[PDB]
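Numbering (the entry's author numbering), first residue to last: 3 to 377. One structure is given below, encoded as structure tokens.
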Amino acid sequence: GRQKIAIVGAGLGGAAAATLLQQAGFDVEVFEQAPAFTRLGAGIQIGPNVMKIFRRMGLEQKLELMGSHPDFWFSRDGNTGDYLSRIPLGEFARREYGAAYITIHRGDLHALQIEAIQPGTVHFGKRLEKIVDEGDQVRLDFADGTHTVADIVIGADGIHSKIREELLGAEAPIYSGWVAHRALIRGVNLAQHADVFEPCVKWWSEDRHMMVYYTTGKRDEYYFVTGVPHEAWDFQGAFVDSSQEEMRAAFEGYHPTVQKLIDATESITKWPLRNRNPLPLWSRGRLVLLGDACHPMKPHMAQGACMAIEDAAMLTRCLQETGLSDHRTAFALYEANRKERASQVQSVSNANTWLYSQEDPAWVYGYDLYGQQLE
Ligand SMILES: Cc1cc2nc3c(=O)[nH]c(=O)nc-3n(C[C@H](O)[C@H](O)[C@H](O)COP(=O)(O)OP(=O)(O)OC[C@H]3O[C@@H](n4cnc5c(N)ncnc54)[C@H](O)[C@@H]3O)c2cc1C
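Shown next as structure tokens:
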């Protein structure tokens, strides 16, 4: 008796799903390949639509205390500093969308999310190598020679998803012609230029950009992440070190505020971004996918983790409707209730002009996931 869910991947999507599903009364364990838990030294942006999901988890208030609450998102021209858009966030967002827009330290958010999972149910050092849906249950084999069995398996295992591979076979090669540079800035370097350093700003030019925001309400730590054309990635790491000289050449011509940020860094890392992504895969048999395993996308709108967390919330609602004994109905309802919004996000990402002009972002931030009728 008593049915079991195995989740592969303890990233933001897998850890959200584990929390929501356990809080709903399901029996859930999580299997993560990393040998240890790492707090990523990076920021992340979380819109009101996802703060409403952290609310269900009991984490919204804590995240509000930890994060920065920008009053606006500014899009600015990279060369001139002209204001291309002034998107109201802050108290306007709280009233209009029903929750805060925050920017926050991603590693600390991630730790808080894993700490909401029942102790004894998250297993590190478990890299899935083989999975077989035997028809009435699924067996999972890990690289350390252990295994586990479950009634359904959630593929929360990211763009390199092994669940996706077991279903579709080996994915065609995808190359990388662009990178994201990442840096955290603190210090007198930050204090010296605090008057010109706005809380949430995207600096744009013809073929590249730099996004910048604070990670905490103290505004003592300032983060940037870029998107920049780059030669094909052939390094073994998921990242490599970059340098100020690299960044200053890539951002030649940008406004003095951006040059000040580059000069203020101590350590920059570079991350490969894929040129292409496959079409969504939602479920097959006893396997269901969420987040970057399901609908990998270019990072143009920076809503990927938010979409993974929305997936987790909607999947939980659908399993609450059907129970685990009727997983095929749940998995069908999940896809039916997510695919159009995922497709709108895809189409707007393709245009790559999100908040470049003074547009109304309500369709993203005002979305009411728990209000949607599953039908
Ligand atoms: C430059 C950039 C900026 C971004 N900014 C934002 C932002 O501000 N806001 C936002 O919402 N999103 C943002 N995103 C998108 C976001 O990072 C991703 O969409 C999100 O991480 C997807 O979460 P996930 O849980 O689906 O996958 P992941 O975060 O990739 O997690 C997958 C997990 O599965 C594990 N795993 C993989 N293979 C296996 C295996 N075989 N066995 C076991 N475990 C395995 C991995 O180790 C990992 O822990 C950005 C992305 C980029 C590239």
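Cβ coordinates follow ideal geometry from the N, Cα and C atoms, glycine included.
With fewer than 16 other beta carbons inside 10 angstroms of its own, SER327 counts as exposed. At a cut-off of 3 residues, the continuous stretches assigned as beta strand (DSSP E) that sit fully inside the stretch 175 to 254 are 180 to 187, 202 to 206, 211 to 216 and 224 to 231.
Counting only residues of its own chain and dropping the five nearest sequence neighbours on each side, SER87 has a CB closer than 8 Å to the CB of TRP75, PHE76, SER77, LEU357, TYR358, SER359, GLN360 and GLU361. Annotated three-state conformation of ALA8 is strand, per DSSP. Between the alpha carbons of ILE133 and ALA266 lies a gap of roughly 47 Å. In the structure shown, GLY306 adopts helical secondary structure according to DSSP, grouped into three states.
Just so you know, the alpha carbons of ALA17 and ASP313 end up roughly 12 Å apart. Taking non-hydrogen atoms of ligand 1 into account, the C-beta of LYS220 is found less than 7 Å away from none of them. With fewer than 16 neighbouring CB atoms inside 10 Å of its own CB, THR148 falls in the exposed class. One Cα belongs to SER245, the other to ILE270, and the distance between them is close to 6 Å. Counting the other CB atoms within 10 Å of its CB gives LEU130 a total of 16 or more, which places it among the buried residues.
Relative to the non-hydrogen atoms of ligand 1, the Cβ of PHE33 comes within a distance shorter than 7 Å of at least one.
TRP75 is bridged by DSSP to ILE89. Residue pairing by DSSP puts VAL124 in a beta bridge opposite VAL32. Inter-segment contact for the stretch 54 to 62 and the stretch 38 to 45 is absent: fewer than three beta-carbon pairs are separated by less than 8 Å. Non-local C-beta neighbours of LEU169 in its own chain, meaning closer than 6 Å and more than five positions away in sequence, comprise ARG286, ordered along the chain. By the beta-carbon neighbour count (other beta carbons within 10 angstroms, threshold 16), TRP365 is exposed.
Your pair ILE9 and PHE28 does not check out as a contact, with CB atoms roughly 11 Å apart and the cut at 8 Å. A contact between stretches requires three or more CB pairs, one per stretch, nearer than 8 Å, and the stretch 215 to 223 fails this requirement with the stretch 305 to 322.
For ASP159, the shortest C-beta to heavy atom distance toward ligand 1 is below 7 Å.
In the DSSP assignment, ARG340 falls within the unbroken alpha helix (DSSP H) covering 329 to 353.
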